[PDB]
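The chain that follows stands alone, in the form deposited in one PDB entry, written as structure tokens.
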């Protein structure tokens, strides 16, 4: 008799959290027919009536676009037909998880529906996918009453969730259409270009046979970054600048290496005259002294981008490997959601308690016990993007419990968490300025007064240096030796994975869960080879492709078209442009660009002939 309301969310953890918050701890949980999705049940009030609440979760996207059948043959059609005359349907993504069947079975008898998907464009698209899957199996509407509801929330807190249940709205078909247009555009461009390129180059060069040459709005600019770095390395002319350093004996057996204030000189004669002014000078002269007390800022809350960067730089793991390890840890319940851009802790986060769990590990037992005794430091204010809270440890772990690779990622995460809550590193910077003839020199050193977050993060520590001698203005110190050094300008090195992730984030290429895939994709297609130090060296295939694109159409590699097209698609979200016209207009623009690429493909051949 009591009406049942379905409460679909986007991930099992979020579904469980919201169910726990709303049910005040009276859940009844059981697994559905996927294993990866659970159904929680409780009882409550909706629209002033007693109803039953069925909380369920999808495991991400439910659908993905694909051509019907003929345009999946790669030989019966030519790619030019994939822009306007290729109908696209929506099939089920992750068929291993029977998402559509599970949703229909759960909705076998529901009356209302409240859709707790995350507040973003992809969330709205998945919202409408779930609605299309669940609506045809519901219990219909008795009269003019509403049936579909939407809940908007910014953070997973009791008050926020209760308020979101208090005020309900409707889904945004405009954002859904924007995401659908983006997906269709990406499919129709990537598939057409890939099938032209890989079917052209497999018929002319035998070395490239049985190899896939792919084009895309993201991986092509990602490769273009590395190829640009390679071009900059190749077009480098070293120089021969001279420096001038002098050693001064402060004590009988103490020698100080001074640094020239004029850092470099690129003229040999000028360097020689400056040395000539300072040869027969055996008495230095002190002029200035500084005792400034600076500080080193503690790190912000852990971001997915920063985690990938550190895993690539220090730990020595690839982006996809790090993401898989983080996902395993999150599933096992050791770290929180590893795909967030929030670097600011929630106002109700229980920092003092999460820190008390890491109070028995011998690696940092002393630091945490001292910190909790003398009080914690408020974490730095940062950016709150409305996504999940930053990656923080949620359960105690030991190297025996975890493996040899999941422990290293866990160890960095928990050491980062303590650093964000610890104090700042305060150090004393001392500089002494010397007059050797008509010239000036400086010697600088650092002394740590009170170490802070460096205790739990030893790699970001002020290096140990000998204290500079105490002296005041007017003291005379014997001069040891003055010499020049014939230095050379160092060419830049190949782009690293850490540097590449920053570049993609600036230009909006790839989301949190797409950045690891794009780096691995260009590596699996032999565009770039991963070298020692996580340096991405372009291959002869990658160089030919990017250089060929600049000759024909620059708008296929430039790291600006992705943001430019995304701005156009936001017009559909705000209602300023209809979904049909924008999609058709952009497709014709690229379709014209496709024809120029095909007609001018002879340009890339003249570069590919040298390599293969």
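Definition used throughout: the rigid core is the maximal C-alpha set that superposes within 1.5 Å between two forms. Residue numbers count along the first chain shown, from 1.
What comes next is about the form deposited in another entry, which does not appear here.
- For the listed set 169, 478, 238, 403, the sole C-alpha moving 2 Å or more between the shown form and the other one on a rigid core superposition is that of 169.
- For residue 97, a C-alpha deviation of 2 angstroms or more is recorded between the shown form and the other one after rigid-core alignment.
- Fitting the two forms on the rigid core leaves the C-alpha of residue 121 displaced by at least 2 angstroms between the shown form and the other one.
- Fitting the two forms on the rigid core leaves the C-alpha of residue 585 displaced by at least 2 angstroms between the shown form and the other one.
- In the other entry, the Cα atoms of residue 335 and residue 34 sit 3 Å or more farther from each other than they do here.
- Compared with the form shown here, the Cα atoms of residue 325 and residue 154 move at least 3 Å closer together in the other entry.
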